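As a starting point, one isolated chain is supplied in structure tokens, in the form deposited in one PDB entry.
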């Protein structure tokens, strides 16, 4: 894939124009076909501009220089460096989970609770404002018991905004380092549901607003991301179901469309299947 052609120009000191055109065509084709990405035109142009600017042929290792340009533009396209959760402000840190139904929001709250307790030694509250989907509040409660985080009780009778305000009060009164807020989603982008997410965000003033999206959705993930970024000040993105996306380019798309970093990757169904996103790692893998 992107590996194979990039290997063929790993150590070729000639870099003839046909060799550049052939390498660029397959990277264009693999980005376009291997995944649902349509902004490849911008990536190829930047790689072409840098190659002319840095005079790759002048270098002792022109193919290595050309691949270095491709990797560096890939790392930049994916966010340059890992950005962590916004936990250096004043406790409690409020993290709002936003996204469509089926993206993986409830599972990700459990994943983040495990990650925050085991790695950052933090006290964590989880609350669910999903009074619309059936059994969802119990689903968070069960996940909280599995990951060792505390749960704030919620009921279908309550209205989402009231639930979040009450949990924030517990988080401040009991000195919780982190409050994780799970929210209801719809399966397509819905304005009414987008209006209620706005009121919940306004009430709790979240330090972190995380957009959870399914990589398997492909191009639709970027469109969903733009709509959420437009109506919410997204601080980060969580890409789920990576373990089941053979294509693998929802990542590059989202950072381009939103300008917001991917902070975490969901790589499975279990609570430990969370991995922090490192653009320089992932870029080297492919």
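Each form is matched to the other, and the largest set of C-alpha atoms that superpose within 1.5 Å is called the rigid core. Numbering follows the first chain given and starts at 1.
Tell me which of 169 to 177 and 186 to 194 has the higher mean C-alpha B-factor in the deposited entry. The deposited B-factors put 186 to 194 ahead on the C-alpha mean.
Comparing average C-alpha B factors as deposited, tell me which of 8 to 16 and 270 to 278 sits higher. Looking at the record's C-alpha B-factors, the answer is 8 to 16.
Among 60, 69, 44, 237, which residue carries the highest C-alpha B-factor recorded in the PDB entry? Among 60, 69, 44, 237, the PDB entry lists the largest C-alpha B-factor for 60.
In this PDB entry, which of 91, 153, 110, 206 has the top CA B-factor? If I rank 91, 153, 110, 206 by C-alpha B-factor, first place goes to 206.
Taking the chain's C-alpha temperature factors as the reference, tell me which third residue 81 falls into: lowest, middle or highest. Ranked within chain, residue 81 CA B lands in the highest tercile.
Chain-wide C-alpha B factor ranking for residue 50, given as lowest, middle or highest third: For residue 50, the deposited C-alpha B-factor lands in the middle third.
Comparing against every modelled residue in the chain, figure out the third that the C-alpha B-factor of residue 114 lands in (lowest, middle or highest). According to the entry, residue 114 has a C-alpha B-factor in the chain's middle third.
Among the modelled residues of its chain, does the C-alpha B-factor of residue 199 lie in the lowest, middle or highest third? Highest third of the chain for residue 199's C-alpha B-factor.
Per the entry's values, where does residue 38 land by CA temperature factor relative to the rest of its chain, in the lowest, middle or highest third? It belongs to the highest third of the chain when residues are ordered by C-alpha B-factor.
The same protein also has a form deposited in another entry, omitted here; what follows describes it.
Among 203, 158, 72, 139, which is the residue that shifts its C-alpha 2 Å or more between the shown form and the other one, core superposed? It is 72; the other listed residues stay below 2 Å.
Examine residue 24 after superposing the rigid core and state whether its CA is displaced by 2 Å or more between the shown form and the other one. It does, since the residue 24 C-alpha is displaced 2 Å or more between the shown form and the other one after the core fit.
So, superposing on the core, is the move of residue 15 at the CA at least 2 angstroms between the shown form and the other one? Residue 15: C-alpha displaced by 2 Å or more between the shown form and the other one.
Does residue 237 count as moved between the shown form and the other one, where moved means a C-alpha shift of 2 angstroms or more after fitting the rigid core? It does not reach a 2 Å shift.
Closer or farther: the C-alpha atoms of residue 30 and residue 259 in that other deposited form, versus the form shown, with a change of 3 angstroms or more? Pair moves closer in that other deposited form.
Taking the shown form as reference, are the C-alpha positions of residue 6 and residue 259 brought closer or pushed farther apart in that other deposited form, with a change of 3 Å or more? Compared with the form shown here, the C-alpha atoms of residue 6 and residue 259 sit farther apart in that other deposited form, by 3 Å or more.
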